[PDB]
Amino acid sequence: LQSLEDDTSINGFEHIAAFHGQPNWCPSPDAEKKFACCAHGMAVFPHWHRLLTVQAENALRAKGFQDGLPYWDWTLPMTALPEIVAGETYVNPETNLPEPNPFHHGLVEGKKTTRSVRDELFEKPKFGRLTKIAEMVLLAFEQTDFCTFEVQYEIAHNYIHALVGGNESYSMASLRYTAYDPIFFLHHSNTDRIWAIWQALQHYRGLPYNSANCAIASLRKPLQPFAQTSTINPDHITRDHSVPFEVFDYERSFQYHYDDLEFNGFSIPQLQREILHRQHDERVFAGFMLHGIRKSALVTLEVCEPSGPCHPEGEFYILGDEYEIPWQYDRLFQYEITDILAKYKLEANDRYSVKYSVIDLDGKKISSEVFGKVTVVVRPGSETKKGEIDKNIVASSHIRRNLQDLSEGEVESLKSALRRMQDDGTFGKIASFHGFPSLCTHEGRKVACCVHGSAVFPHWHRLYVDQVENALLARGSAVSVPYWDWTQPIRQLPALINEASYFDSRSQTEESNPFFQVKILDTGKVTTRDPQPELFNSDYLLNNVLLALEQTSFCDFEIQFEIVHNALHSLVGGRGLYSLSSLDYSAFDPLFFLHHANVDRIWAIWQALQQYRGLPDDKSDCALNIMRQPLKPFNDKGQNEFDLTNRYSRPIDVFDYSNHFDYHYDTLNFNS
Amino acid sequence: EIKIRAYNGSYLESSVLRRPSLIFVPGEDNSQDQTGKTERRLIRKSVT
Amino acid sequence: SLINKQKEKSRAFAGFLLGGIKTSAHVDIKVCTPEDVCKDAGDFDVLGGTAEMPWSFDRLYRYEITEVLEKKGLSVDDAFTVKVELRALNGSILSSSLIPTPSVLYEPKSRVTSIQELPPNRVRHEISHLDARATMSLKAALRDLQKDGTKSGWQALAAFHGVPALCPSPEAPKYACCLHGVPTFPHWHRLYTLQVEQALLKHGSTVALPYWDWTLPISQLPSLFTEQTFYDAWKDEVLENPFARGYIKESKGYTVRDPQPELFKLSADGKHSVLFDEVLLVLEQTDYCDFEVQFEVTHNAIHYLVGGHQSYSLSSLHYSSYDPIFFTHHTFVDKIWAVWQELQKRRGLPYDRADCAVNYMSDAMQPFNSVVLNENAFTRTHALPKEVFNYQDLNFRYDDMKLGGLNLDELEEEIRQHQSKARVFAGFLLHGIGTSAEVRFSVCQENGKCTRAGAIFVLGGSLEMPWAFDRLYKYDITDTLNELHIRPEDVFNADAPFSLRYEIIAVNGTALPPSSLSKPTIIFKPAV
Amino acid sequence: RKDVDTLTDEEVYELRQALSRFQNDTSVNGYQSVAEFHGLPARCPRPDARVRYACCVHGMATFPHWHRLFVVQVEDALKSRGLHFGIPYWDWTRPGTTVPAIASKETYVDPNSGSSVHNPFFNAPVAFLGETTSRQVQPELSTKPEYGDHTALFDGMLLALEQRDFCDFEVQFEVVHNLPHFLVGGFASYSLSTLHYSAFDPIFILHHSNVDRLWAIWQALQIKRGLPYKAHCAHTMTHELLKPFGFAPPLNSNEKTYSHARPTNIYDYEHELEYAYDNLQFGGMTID
Ligand SMILES: *[C@@H]1O[C@H](CO)[C@@H](O[C@@H]2O[C@H](CO)[C@@H](O[C@@H]3O[C@H](CO)[C@@H](O)[C@H](O)[C@@H]3O)[C@H](O)[C@H]2NC(C)=O)[C@H](O)[C@H]1NC(C)=O
Ligand SMILES: *[C@@H]1O[C@H](CO)[C@@H](O[C@@H]2O[C@H](CO)[C@@H](O[C@@H]3O[C@H](CO)[C@@H](O)[C@H](O)[C@@H]3O)[C@H](O)[C@H]2NC(C)=O)[C@H](O)[C@H]1NC(C)=O
Ligand SMILES: *[C@@H]1O[C@H](CO)[C@@H](O[C@@H]2O[C@H](CO)[C@@H](O[C@@H]3O[C@H](CO)[C@@H](O)[C@H](O)[C@@H]3O)[C@H](O)[C@H]2NC(C)=O)[C@H](O)[C@H]1NC(C)=O
Ligand SMILES: *[C@@H]1O[C@H](CO)[C@@H](O[C@@H]2O[C@H](CO)[C@@H](O)[C@H](O)[C@H]2NC(C)=O)[C@H](O)[C@H]1NC(C)=O
């Protein structure tokens, strides 16, 4: 770069950069009025900047180089600007002397580039969530059309210019002196990488990428000045590839490509899953129309409540000067409000207004009525939208499987983990919820908070079983909790629970499997099973669950659900006072979990049937005076562990288990 | 006739629970029920 | 039918279990806020005595509760309490524990479609089906109001849409009250169209304003307007038809209609007008905002087709309300809007709400919001376009939702047919330029010798708000490319396929600079 | 899989949680029971007979195959607990290399609970002996190569790659592989300095992941040059069952390695070993 910038002729860095500004040969050099070919807001902007980067790389290759231009990753959070450009004078021991950096500033027509960094770049994002720039660029990927992609792409692109330039004319903040600072090349390379991510994801989706179908009329036009004869640009490959139908297949054309397509440590399928999970729920947008105002300036937004004050909602930035073609975006431009909506807990359809204020770089307030009536729109979630074709979603973390086919390794692992849980003894404390002791109070008397006989019954058991299995996986079991199927006729008791005792190779010794019995804490006794002689070779459970599943509404379903739930409980409890019969103690056995797992399974099955039938499924129609209040044991914080048990405790929240709890099943088949 | 079977080994009299009933539902074979057309005839009435 | 209509709205109900308490008492329900504010929603009585045989219902008992909650703002998905008070016959308070605590139930929408019955008036028949009785009744019942110079006069009525302006404030007239561009256009115009039926009925109407199917092949303007003067001898005075001209209490002039040659152009089969394909294209899409932006220019066309080149005609928004053809056409406009809902019902996508205009829906609705400008008490409380979608609540209907003398079945069949193959579209930007204009475009390939691709329409007066449409208005040129013998793949081909030459013609014959409007774009639509 | 120099906070946090979950387990698939595969007590070749040995193939024609199977087994065990991606690898070949600061500490604060917690990377407990591995430091790894030169490890790697057949490349590969073992082990009794307790320190998996990466770039370079990279001089050595990975369940709970105990289908790691690498970069200079 030292040699290239010292060069002055048609091979000069100065000329290759002055391409992007003055002097002007745009639209054609032979015109009484000349502008710049920095196509801002057009539909060929990515094409043009890709050509610029290719020309820059070809030009620099001729000065003893090997690879392409490294891309500065401003998406990933940082605390300081890159040290490759931070220095002004650095010491090279090859000559054993210091000399000035070629990145700190750039001398152009008797003046140098100037930098004025602002602290708002150096924000430290709170743990777990990305930064503002990251989410802005992220929301440009789900849109399956380059037509709508381009606007978010360019707005993210030009955010950095105001973010880092400052308020100096002799700087890259303004378009006039922005192609002369060296880091501009780096930034545009990174933006080209963002676009490459875009078409990679497009190919993953399967829709065509190398042939957009929105602006073919303009896309037919060759670009300038990248198409005039070599007398104006020394190289030839860009001039020959001027027509922009071919700057898509970069790897086939220009013989170069990136290596790390990952974005903040996200693989392509991983970020696809993440964006689908984000799209799952409903949200809100602010919508703008954009046109030049001849002065690049920031635009801030604030929502004013008619029944209250007005509050700011962040800001974005736009580019514009007096030496470019006027541009008009075809469609709306989106901005996010969801964070402030959550913060102010205002209803999704309340009365309010959104007001935009335009401020120049200096700080002067231009008239706040230069963009018409800014709109606000609402977008329903993927769950809310229906396609009547299955569900077609894949989750992560927990995957619950039918233990009848579970292999012995994880079986031994999980029984060992449960034994360790009994060892530490917190299992009794966590299971004390469902019955005795009195962890509950009512009518001025020690009682149990065992929710029973209401629409919130399946909710409470699903939450309880998931909390218990999370506490178990805290011991690092090989697999998550399994479910014992009973829809198929049972030949006998399941092997894992009826086998006398296990033999572990860790000690190469026998030991009794806990699944038989467990000592109830400080009671002087232990549990005991008692099978019933009519539990086998019957289709009664099958036909009963079918005639319970046939129903349509929810409240009716709840009652037959509870009936069949307590059915096999009483059947297997037997004469034993301390068994699966009496619910005061019946939750102390692992059979409780092995049963409630399929108890949840059938609810999920009914959910799938309702989804297929198109009737309302997530929303309920009973206990509406209660469905807002979360479950009593899980309302508190001391007893409940963390996370789901204290945030996603709303019965209204409970329905969206596949997303707000992240656990799928092995399959939704129901007895073949 | 209804009897109560308990885990203790005993019974309970049926009077503790309300006496149940029998319900029969026809099949869902129904296709059309609404009349093809009504009758548009005027009817006069006394003024009082 | 009344109870079927009642079932459409959702209901909130209090559910109870009842039994015999061998006595009689008065029961009162009490709905209470979390902060201990209680309201007496209702009451009834329970009957029994010492000699009765004990009983209890096998099911629920429902009591309607929506009134108090909707009056006090407590929505259905809120939290509250319900309490029961018992008063004995002998003046003794009774224990509430004797009854079980009640529950709350929610009966939802009933998305089924109901064929409502209404009296044989306020039923907008098709214009050609009108008989002599209906025609004479309408013309008399319209001239009667037209010859009225009072506050309810026709000029004062039509002053809303046109001029003199009374907006944004009646005290100081700045600009016209016509609402255009923004999505609430069909709402405003449909309610304005309805507004005249009240006046017509109260002045002696017999049927509502008919709709004219201009989509059918049109030889010329229908004979109802084409007529000039007829004699009936009842008043022994020849009556001139009020369906040709209109008095302006300000300008002392009159409008003058003017046909245009293109209005008589017929389709390929000849059973539909040239605007039929555009009508289907409007019906095709799903999102409501895209629908309305594609749908405005549709009715905007006829104003220019029939208004001619006159400052005082339908070609100008200032004085378009002073000609009954305005009402005649907006009737068919509302027809299109209504028939869109039946097509919506197929995929059941939400339509009553506007996901893309949540700020716009709840906007105060000018000018009917203020009682100063109009004194129709029925519409004095309808300043919300959200309560206008369910037009059955507005007490009218249509004879049939048929278009082009055809059923929605063949409509969806033709939509599928036109979706089967590929398509090429022209997308135009459009925004207010404070006049009315023609956009005539010609598709021309490399040769430079080409045909007339087509034209579109735009209107705007000089006393209206600035406005820009949200999205790109799309027009079909695939057939024209077919006569040009250029396959759609040629557009993608590395060969230079073609371009378009557009131009704009003003109403008075002048031509505005092409710079006043953006650059049109070419869109491609694949096969499905 | 990615190098440990491009991992942010949250991935480290999730990995630490997963490691602790693995560690406190005392199962057949426990961390100690899988470190058993590479050290004492001895159960090789046939645990039923009298002879005692360690199945860790050292200095023979199957070292890369065996250790790659080991690392993929560890990956399969770990990814169940919630590992989003592959195991990170530490690039000791980096000029001016240092101990990974991700592991060099001892305790760290969980921000979610805002509280201190013991870092699993610091040390692990030997189960039967009841002791723990203690690392040791030496300045040899942390020496600074001068301006424009190359470090000893780097030139060792080059002098390992210039050869053009697998049948001898492995000997220098192994002899340079053993160096960072002692370099990180030092003179401490329990460390990677000896194979007696080699697997009881997490850095082991990082080091051998780097090993597998170098073997992969060896294949890439060889296929670029157009030479047979298959270990054809071990035709009677590959076909041996790589015990204990070829035994019967439940001794080998995982099934993928058991089915792939034949090394003849392990060269194409992009397909039948369900893992891949982000970049083939070596010292800022690619295979081309
Ligand atoms: C005024 O009217 C009320 C309602 O009819 C009368 O309340 C009734 O009072 C009698 C005795 O005060 C209750 O009899 C009770 O019967 C139970 C068995 O069911 C028995 O165990 C008690 O010892 C007692 O005898 C009766 O239940 C109650 N009515 C109801 C519906 O509960 C009241 O007595 C009337 N006033 C006068 C002065 O009679
Ligand atoms: C025929 O219609 C055209 C428009 O469709 C009329 O042109 C409009 O009015 C004037 C020309 O009469 C022009 O703009 C005006 O320019 C004056 C110059 O001082 C300015 O003061 C006004 O404020 C206004 O901007 C222009 O051609 C056009 N106005 C626009 C586009 O805003 C034309 O006048 C009509 N013909 C006749 C005979 O009136
Ligand atoms: C693997 O198992 C070990 C048990 O040997 C876990 O260590 C212990 O984990 C529990 C969390 O379940 C820690 O309890 C917490 O301690 C903090 C600090 O006192 C306290 O503020 C919390 O309220 C909670 O009680 C416990 O302290 C910890 N053991 C020690 C010695 O600190 C380890 O977390 C497990 N690894 C996992 C689950 O990944
Ligand atoms: C049947 O089971 C019930 C449940 O405990 C027993 O009933 C209780 O018995 C005790 C003492 O026998 C009494 O004090 C309670 O009042 C009884 N309650 C009820 C609801 O019955 C009963 O004892 C068992 N049957 C037999 C024969 O022992």
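Residues numbered from 1 in each chain as written, not as in the entry; some residues may be left out. Chains lettered and ligands numbered in written order. Part of a larger assembly, values for the part shown. Heavy atoms only, no water.

For this entry, the PDB record names cryo-EM as the structure determination method and reports a resolution of 4.4 Å.

1. Examining the overall build of chain C
Across its full length, chain C carries 13 helices and 19 strands. With respect to the principal axes defined by its C-alpha atoms, chain C has extents near 100 × 75 × 45 Å. Out of the 528 residues in chain C, the part that is buried amounts to 48%. Accessible surface, chain C as shown: approximately 26600 Å² in total, 60% of it carbon and sulfur. Averaging the positions of the 53 positive and the 67 negative side-chain charges in chain C gives two centres separated by 2 Å. (Helix = DSSP H or I, 4+ residues; strand = E, 2+ residues; numbered from the N terminus. Buried < 20%, exposed > 50% of the residue type's maximum accessible area, 1.4 Å probe, protein only. Areas by Shrake-Rupley, 256 points an atom, 1.4 Å probe, with all protein chains shown as cover. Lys, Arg positive; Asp, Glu negative; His and termini not counted. Charge placed at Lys NZ, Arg CZ, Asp CG, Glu CD.)

2. Some details on the site of ligand 2
All names here are of chain C. Taken together, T435, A506, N508, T510 and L512 are the residues near ligand 2. One of the side-chain nitrogen or oxygen atoms of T435 is found 3.0 Å away from an oxygen atom of ligand 2. With respect to ligand 2, the side chain of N508 contributes an N or O atom lying 2.4 Å from an oxygen atom. Compared with its free state, where it exposes 730 Å², ligand 2 has 25% of that area covered by protein. When its residues are assigned to classes, the shell around ligand 2 shows 2 nonpolar, 3 polar and no charged. (Near = heavy atom within 4 Å. Polar contact = N/O pair within 3.5 Å; in protein donor to acceptor, adjacent residues only side chain to side chain. Nonpolar A, V, L, I, M, F, W, Y, C, P; charged D, E, K, R; others polar.)

3. A closer look at the state of the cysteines
Inspection of every chain in the model, using the stated rule, returns 11 disulfides over all chains. A disulfide bridge connects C32 of chain C with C38 of chain C, and the sulfur atoms are separated by 2.0 Å. On the S-S bond that ties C32 of chain C to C38 of chain C, the torsion sits near 110 degrees, and the link is right-handed. Since its relative accessible area comes to 6%, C32 of chain C is described here as buried. Look at chain C and number its bonded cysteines as they come in the sequence; the links are 1-2, 3-4, 5-6, 7-8. A disulfide-free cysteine, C450 of chain A has its sulfur positioned 9.3 Å from the sulfur of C449 of chain A, the nearest such atom. Between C178 of chain C, a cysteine without a disulfide, and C177 of chain C, which holds the nearest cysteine sulfur, the sulfur-to-sulfur distance is 8.9 Å. Among the residues examined, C178 of chain C registers a relative accessible area of 16% and is labelled buried. (Disulfide = S-S within 2.5 Å.)

4. Comments concerning the arrangement of the chains
Of all 4 pairs of chains sharing an interface, the pair with the highest contact count is chains A and C. Chain B shows no contact with chain D. Their nearest C-alpha atoms sit 39 Å apart. Between chain C and chain D there is no contact; the minimum C-alpha to C-alpha separation amounts to 33 Å. (Contact = heavy atoms within 4.5 Å.)

5. Comments concerning helix α8 (residues 288-307) of chain C
All names here are of chain C. Between its first and last C-alpha atoms α8 spans 29 Å; for 20 residues at 1.5 Å apiece the expected length is 28 Å, and the two agree. Among the 20 residues in α8, 19 count as buried, and that is most of the element. The N-cap of α8, judged by a side-chain oxygen 2.9 Å from the amide nitrogen of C289 a few residues on, is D287. Positive phi shows up at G308, right after α8, with a value of about 70 degrees. (Expected span 1.5 Å × (residues − 1).)

6. As for the interface of chain A and chain C
One widely used convention gives an interface's size as the accessible area the parts lose upon coming together. On the side of chain C, 30 residues touch chain A, which itself brings 27 residues to the contact. Roughly 2500 Å² of surface becomes buried between chain A and chain C when both sides are summed, with 57% attributable to carbon and sulfur atoms. Among the residues chain A hides against chain C, the three largest losses belong to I216, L624 and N625 of chain A. Together they make up 24% of the total. Joining chain A to chain C, the criterion identifies 0 salt bridges. Ranked by residue count, the leading element in the side of chain A that touches chain C is strand β10 (residues 375-379) of chain A, at 4 residues. (Buried area = accessible area lost by both parts, 1.4 Å probe. Salt bridge = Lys/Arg side-chain N within 4 Å of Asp/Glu carboxyl O.)

7. Things to note about the environment of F182 of chain D
Residue and element names in this part refer to chain D. Locating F182 in the fold gives a position in helix α7 (residues 166-185). Take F182: its relative accessible area is 39%, and that puts it in the partly exposed class. With 54 residues separating them in the primary sequence, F182 and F128 have C-alpha atoms 24 Å apart.

8. Some details on the site of ligand 1
Residue and element names in this part refer to chain C. Within the structure, ligand 1 sits among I21, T23 and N90. At 2.9 Å from an oxygen atom of ligand 1 is found a side-chain nitrogen or oxygen belonging to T23. Here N90 contributes a side-chain N or O atom positioned 2.4 Å from an oxygen atom of ligand 1.

9. Points about the side chain of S205 of chain C
Residue and element names in this part refer to chain C. Following the sequence through the fold, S205 ends up in the loop between α5 (185-203) and α6 (223-226). With a relative accessible area of 18%, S205 lands in the buried category. Side-chain polar atoms of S205 contact the backbone nitrogen of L201, separated by 3.4 Å. Those residues within four positions of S205 in sequence are excluded, and the remaining contacts are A141 and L200.

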